[PDB]
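Commentary on secondary and tertiary structure
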There are 2 protein chains.
Amino acid sequence: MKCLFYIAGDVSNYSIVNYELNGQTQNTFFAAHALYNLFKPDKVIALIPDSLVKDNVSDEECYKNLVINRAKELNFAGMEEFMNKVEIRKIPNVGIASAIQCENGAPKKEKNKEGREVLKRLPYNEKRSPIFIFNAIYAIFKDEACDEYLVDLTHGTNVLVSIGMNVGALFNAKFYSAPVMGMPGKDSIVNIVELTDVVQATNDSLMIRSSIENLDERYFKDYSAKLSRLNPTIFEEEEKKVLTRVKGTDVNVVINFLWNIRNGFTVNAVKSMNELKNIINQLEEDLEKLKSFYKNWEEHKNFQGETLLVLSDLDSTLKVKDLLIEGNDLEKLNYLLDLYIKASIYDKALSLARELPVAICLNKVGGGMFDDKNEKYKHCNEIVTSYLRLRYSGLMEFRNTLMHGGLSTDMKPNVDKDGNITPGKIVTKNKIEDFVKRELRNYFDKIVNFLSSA
Amino acid sequence: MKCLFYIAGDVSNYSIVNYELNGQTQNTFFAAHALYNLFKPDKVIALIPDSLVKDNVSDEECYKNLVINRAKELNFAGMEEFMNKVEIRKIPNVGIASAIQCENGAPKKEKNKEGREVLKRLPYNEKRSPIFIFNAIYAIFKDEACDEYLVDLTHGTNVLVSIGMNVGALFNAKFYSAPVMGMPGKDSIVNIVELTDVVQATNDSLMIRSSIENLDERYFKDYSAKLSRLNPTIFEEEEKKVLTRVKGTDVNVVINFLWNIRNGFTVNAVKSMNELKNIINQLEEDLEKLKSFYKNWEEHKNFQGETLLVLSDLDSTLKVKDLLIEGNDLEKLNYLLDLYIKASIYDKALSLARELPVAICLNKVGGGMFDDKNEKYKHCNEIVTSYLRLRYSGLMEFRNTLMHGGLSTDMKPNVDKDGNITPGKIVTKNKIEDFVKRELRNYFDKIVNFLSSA
């Protein structure tokens, strides 16, 4: 079931216009109705700020009438069957504001000196926390028990619109706003902007940045499809050049790189680091071009209506450069070890710390396969394992524990007659954390320094 | 290098008022100015929207001057360090607007019937995608090469303020807005809201929800400290009882649960399932109370200045319920197995898939410790290990491969004298993904079904 939320703003000012989206318009005066008529939401929620409108009796009914009174001053069609269905929720606000009074069920008047006016004279000053407003709006949103969320940010302060945005963001809301910018009077058409793609673009980028940070590809948003269907109707020879370049950037290689690093295919990931260096070096110059293009945006108005191309998605992808290093595969794996310590992926860091000295040893002796049939390996492993069980006894103990997990001979849990397990060792969250993140890099360098002589 | 970013909008309608924030009071008509004084930003970016100014040779100074002209008009004592040391950048806009048209510095006046205010252009056919505006603003933000980002959203349209916020979110920007809404009058005590916490609150919630989805405590934002310093001054008894309840919710248990699930301490993760069922059941009722509190926010005006309590942080924590099940530790580990398949954590799923049948066997034979000294275990393991080596050759091969990783005897890579390494048995991302996510559960159930007979 669809749900449409809107910010009340002020209905007394604005007039009749032609609100349009997707080549379809509506004959109305207020933003909310145009969207309502086009989308057919099962519920419609109004957000009355505590400042604007104060009835004493029922602020909920006062606005309900304030709307009908502006409909009858322009003699509009319908808007009465609409009003019955709308739920009206009071929302807080902050700062000085033009607060209008309400006598019992309708706004009182106020002759003033010349014209005709309502009650609006030094009616509001209030200091609030925006998180309070946030919580209040969140509460309303949560309790509506909606499936599809639709938000109208047309009216209301930059503070309420921004707050309303962040709330809606947590309900996967489609955001809409009609840029007013004064008033056209009658016979003017207004285009409703959709601010959902901008909100997704930013989450996508924050998530993509953590994929790299925490070596986890499950957080990387695959904008390959966004790029594949990206093809505007009008384009110059310089912009067609760069858009064809961006359209074919191998994002899947970046995703695969993360998948290998995550699942511990350390050898495969290290071989790629060169391919990726080239992928991101091409993306860097594609992006620098796209940047001067958007820095001098007025010369390039072709992208003016294009949605699918978003800089943040690509720029956030360039962070994968932080995962690459130059050198031989052994030097690349050495850096990968550090990366596994930085992101707190303890198990992969330990296995790499314990096996990398064997591959180092195998290089010193001219090379060989990581097989028990290989003589060079057979002894290299024996030296590492033994020097490794003589000193650095702890490293192996941890690596083992983490490899097998809680349900294993290394943890010695006890299964009872009934079906309940009682552990046999204590999960030392802090000696793992402390050992890996502090001592282990030193314990590896000390090992590697020892086998250099070999 | 601190960089203050703000939307100029119109300076002609700004009254000379006073600004307060964190015990510091600066008096300027526009918020940016005030913000400059107390923050002392190394750079100041004006972000001039295209619609509000229109000049032939270079409008970037038209505004430059529009500001200076409104300063000398009411004889401002400051503006010296601000002006001539402020950058300006041209930014796009949507809908219908158009305003101030200028020559070579200063705005063009008009007489009409009565008055002497600047003639504003009326047509504004600018239909452009918000993502375009987003990219254009992003470009400006990226290229300033700033360390600390500060954004002023007090000025600007609901579309620009929202777009500006999503950009500023990607630069770890402290957001500020001075709520006006109507004419406030010269020399008015107006304070500026900080929206940074609302923007963090939402990212924190999206991340917390992911931490639960992907069984990764690295994504869980620990709001324990936020909750520990949460002490409002005036609070009614009903408010104090509920706030003391929330203030002492064991978020660390939720974090620990995720840390164990992530690092494969499967027994401990399952043991604490019951504790957490109670933690979240207590949180559910605290949250339901906190909800009606914020639904009837007009009655709980004690929290209106409170910034440390955030509903979204707690509500997102309730998602951890999706990780819990009821039953004996064996039934609890069985669910944990599927959770490991759902989140694509292949390594832990396989280990649990292999060892869980052993513990299942151990239960049938009256119980025993997961030690080689235990006879019941010794043979249970032998049956499990053999049946898999017999019927499920595959599982045992993948489990082994993932435990040791690419650089090991299970992958057989080969080291060269140069140090270049080539992967051996080379296993594909889709071989693993498909096996685990498709055939792995059925294969477990088949093993489990067999050992029931034992």
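Definitions and cut-offs
- Residues numbered from 1 in each chain as written, not as in the entry; some residues may be left out.
- Chains lettered and ligands numbered in written order.
- Part of a larger assembly, values for the part shown.
- Heavy atoms only, no water.
- Helix = DSSP H or I, 4+ residues; strand = E, 2+ residues; numbered from the N terminus.
- Rg over C-alpha atoms; globule rule 2.2 N^0.38 Å.
- Buried < 20%, exposed > 50% of the residue type's maximum accessible area, 1.4 Å probe, protein only.
- Contact = heavy atoms within 4.5 Å.
- Pairing = 2+ DSSP bridges.
- Expected span 1.5 Å × (residues − 1).
- Bend = angle between axes of the 7 residues up to and from the residue.
- Least-squares fit on C-alpha atoms.
- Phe/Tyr/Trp six-rings, centres within 6.5 Å; stacked < 30°, edge-to-face > 60°.
- Axes fitted to C-alpha atoms, helices over the stretch in contact; angles between N-to-C directions.
- Parallel < 35°, antiparallel > 145°, perpendicular 65-115°, else oblique.
- Nonpolar A, V, L, I, M, F, W, Y, C, P; charged D, E, K, R; others polar.
- Disulfide = S-S within 2.5 Å.
- Salt bridge = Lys/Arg side-chain N within 4 Å of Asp/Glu carboxyl O.
- Buried area = accessible area lost by both parts, 1.4 Å probe.
- Patch = residues over 30% accessible without salt bridge, like charges linked within 9 Å, V, L, I, M, F, W, Y side chains within 5 Å.
- Areas by Shrake-Rupley, 256 points an atom, 1.4 Å probe, with all protein chains shown as cover.
- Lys, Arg positive; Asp, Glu negative; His and termini not counted.
- Charge placed at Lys NZ, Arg CZ, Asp CG, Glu CD.
- Left-handed = near helix turned anticlockwise from the far one by under 90°.
- Polar contact = N/O pair within 3.5 Å; in protein donor to acceptor, adjacent residues only side chain to side chain.

Named according to the PDB entry, chain A is CRISPR-associated (Cas) DxTHG family originating from Sulfolobus islandicus REY15A. For this entry, the PDB record gives the title as "Crystal structure of Csx1 from Sulfolobus islandicus orthorhombic form".

**Examining the overall build of chain A**
Each helix and strand counted, chain A has 16 helices and twelve strands in total. Computed over the C-alpha atoms, the radius of gyration of chain A is 32 Å, more than 25% above the 22 Å expected from 2.2 N^0.38 for a compact globule of 454 residues. Taking all 454 residues of chain A together, 56% fall into the buried category. If you take every contact in chain A between residues at least 6 apart in sequence, the share linking residues at least 24 apart comes to 69%.

**What about the sheet that holds strand β5 (residues 86–91) of chain A?**
Residues and elements named next belong to chain A. With mixed pairing, six strands are arranged side by side in an open sheet as β5-β4-β1-β6-β7-β9. The sheet is open, and its two borders are formed by β5 and β9 (193–194), each paired with just one other strand. Bridge analysis of strand β1 (residues 2–7) against strand β4 (residues 43–49) gives five bridges, and the strand direction is parallel. The partner of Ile7 across the bridge, within β4, is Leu47.

**Description of helix α10 (residues 266–295) of chain A**
Between its first and last C-alpha atoms α10 of chain A spans 40 Å; for 30 residues at 1.5 Å apiece the expected length is 44 Å, and the two agree. Its axis deflected by about 40° at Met273 of chain A, α10 of chain A carries its strongest bend there.

**Focus on helix α5 (residues 196–213) of chain B**
All names here are of chain B. With 18 residues, α5 extends 26 Å between its outermost C-alpha atoms, agreeing within 8% with the 26 Å of an ideal straight helix rising 1.5 Å per residue. Buried residues dominate α5, accounting for 13 of its 18 residues. A positive phi of about 50° marks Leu215, the residue just after α5.

**Considerations on the relation of the copies chain A and chain B**
When chain A is fitted to chain B, the best match, at an RMSD of 0.9 Å, comes from turning it 179° and sliding it 0.3 Å along the axis. Here the symmetry operator amounts to a two-fold rotation axis. Mapped onto chain B, 95% of the interface residues of chain A are again interface residues, and the two copies thus contact each other with one and the same surface.

**Brief notes about the packing of aromatic side chains**
Under the defined criterion, the tally for this structure stands at 51 aromatic pairs over all chains. Ring centres 6.4 Å apart and planes at 80° place the aromatic pair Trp297 of chain A and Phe132 of chain B in the edge-to-face group. With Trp297 of chain A in the loop between α10 and α11 (311–317) and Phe132 of chain B in helix α3 (residues 130–143), this residue pair bridges two chains. In terms of burial, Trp297 of chain A and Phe132 of chain B fall into one category: buried.

**Points about the packing of helix α14 (residues 375–391) of chain B against helix α15 (residues 393–404) of chain B**
All names here are of chain B. Look at α14 against α15: their axes get within 5 Å of each other, and the N-to-C directions meet at 110°. Looking at the two axes, α14 sits roughly perpendicular to α15. Seen from α14, the contacting residues are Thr385, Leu388, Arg389, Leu390 and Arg391; seen from α15, they are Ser393, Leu395 and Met396. Among the residues forming the contact of α14 with α15, the class breakdown is four nonpolar, two polar and two charged.

**Thoughts on the state of the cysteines**
Residues and elements named next belong to chain B. Applying the stated criterion to the full structure yields six disulfides over all chains. Two residues share a disulfide in this structure: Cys62 and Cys102, whose sulfurs sit 2.5 Å from each other. On the sign convention where negative means left-handed, the S-S torsion of about -130° between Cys62 and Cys102 marks this disulfide as left-handed. Highlighted residues: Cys62 in helix α2 (residues 62–73) and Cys102 in strand β8 (residues 100–102), separated in sequence by 40 residues. By relative accessible area, which is 2% here, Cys62 ends up buried. What links to what in chain A: the bonded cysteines, counted in sequence order, pair as 1-4, 2-3, 5-6.

**A short note on the environment of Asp143 of chain A**
Within the secondary structure layout, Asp143 of chain A lies in helix α4 (residues 130–143). Relative accessible area serves as the criterion here: at 31%, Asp143 of chain A is assigned to the partly exposed category. Counting along the chain gives 266 residues from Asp143 of chain A to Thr409 of chain A, while the straight-line C-alpha distance between them is 49 Å. Once residues lying within four places of it in the same chain are set aside, the contact partners of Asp143 of chain A are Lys291 and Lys295 of chain B.

**Quick notes on the sheet that holds strand β11 (residues 189–191) of chain B**
Residues and elements named next belong to chain B. Strand order in the open sheet formed by three strands is β3-β2-β11, and the pairing between neighbours is mixed. Each edge of the open sheet carries a strand with a single partner, namely β3 (24–26) and β11. The average angle at which neighbouring strand axes cross in this sheet is 30°, direction not considered.

**Here's the deal with the pattern of salt bridges**
Think of it this way: side chains of opposite charge can pair up when their charged atoms draw near. Under the defined criterion, the tally for this structure stands at 63 salt bridges over all chains. A salt bridge links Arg121 of chain A to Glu117 of chain A; the nearest nitrogen and oxygen atoms lie 2.9 Å apart. Taking relative accessible area as the criterion, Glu117 of chain A reaches 30% and is therefore assigned partly exposed. What you see here is one network of salt bridges that share partners, running through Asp216, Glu217, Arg218 and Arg262 of chain A together with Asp216, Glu217, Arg218 and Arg262 of chain B.

**Remarks on the interface of chain A and chain B**
Between chain A and chain B, the contact holds 146 residues from the first and 145 residues from the second. Carbon and sulfur atoms supply 61% of the area buried between chain A and chain B, which totals about 13000 Å² over both sides. Three residues, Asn158, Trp297 and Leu407 of chain A, lead the burial of chain A against chain B; their summed loss comes to 6% of the area buried on that side. Taken together, the links from chain A to chain B amount to twelve salt bridges. The closest approach of N and O atoms between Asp143 of chain B and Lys295 of chain A, which form a salt bridge, is 3.2 Å.

**Description of a negative patch on the surface**
The grouping of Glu60 of chain A together with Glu236, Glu298 and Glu299 of chain B at the surface amounts to a negative patch. Locating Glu60 of chain A in the fold gives a position in helix α2 (residues 59–71).

**Examining the packing of helix α12 (residues 329–342) of chain A against helix α13 (residues 346–364) of chain A**
Residue and element names in this part refer to chain A. Running from N to C, α12 and α13 point in directions that differ by 160°, and their axes come no closer than 9 Å. In terms of their interaxial angle, α12 and α13 are classed as roughly antiparallel. In terms of crossing hand, the pair formed by α12 and α13 is left-handed. Across the interface between the two elements, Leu330, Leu333, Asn334, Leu336, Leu337, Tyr340 and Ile341 from α12 touch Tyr346, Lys348, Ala349, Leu352, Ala353, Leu356, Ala359, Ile360 and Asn363 from α13. The residue inventory of the contact of α12 with α13, partitioned by class, reads 13 nonpolar, two polar and one charged.

**Regarding the pairing of β4 of chain A**
Strand residues, when the strand is regular, have side chains that alternate between the two faces of the sheet. Residue and element names in this part refer to chain A. Of all seven residues in β4, six are buried, a share of seventy percent or more. For β4 and β5, the ladder comprises six bridges, and the chain directions are parallel. Each residue of the ladder has a partner; that of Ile48, found in β5, is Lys90.

**Some details on unusual backbone geometry**
Positive phi is not limited to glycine here, since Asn22 of chain B has a value of about 60°. If you trace the backbone, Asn22 of chain B turns up in the loop between β2 (18–21) and β3.

**Quick word on the environment of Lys425 of chain A**
Residue and element names in this part refer to chain A. Secondary-structure assignment places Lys425 in the loop between β12 (421–422) and α16 (429–450). In this structure the C-alpha to C-alpha distance between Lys425 and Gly406, which are 19 residues apart in sequence, comes to 9.0 Å. Separated by 2.7 Å, the side chain of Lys425 and the backbone oxygen of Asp410 make a polar contact.

**Considering the side chain of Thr202 of chain A**
With respect to the helices, strands and loops of the structure, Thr202 of chain A is situated in helix α6 (residues 197–213). For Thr202 of chain A, the side chain forms a polar contact with the main-chain oxygen of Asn166 of chain B, separated by 3.1 Å. Ignoring anything within four residues of it in the chain, the contact list for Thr202 of chain A reads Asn166, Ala169 and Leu170 of chain B.

**Points about the side chain of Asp59 of chain A**
Residues and elements named next belong to chain A. In this structure, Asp59 sits in helix α2. The exposure class assigned to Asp59 is buried, which follows from its relative accessible area of 7%. In terms of polar contacts, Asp59 uses its side chain to reach the backbone amide nitrogen of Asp55, at 3.3 Å.

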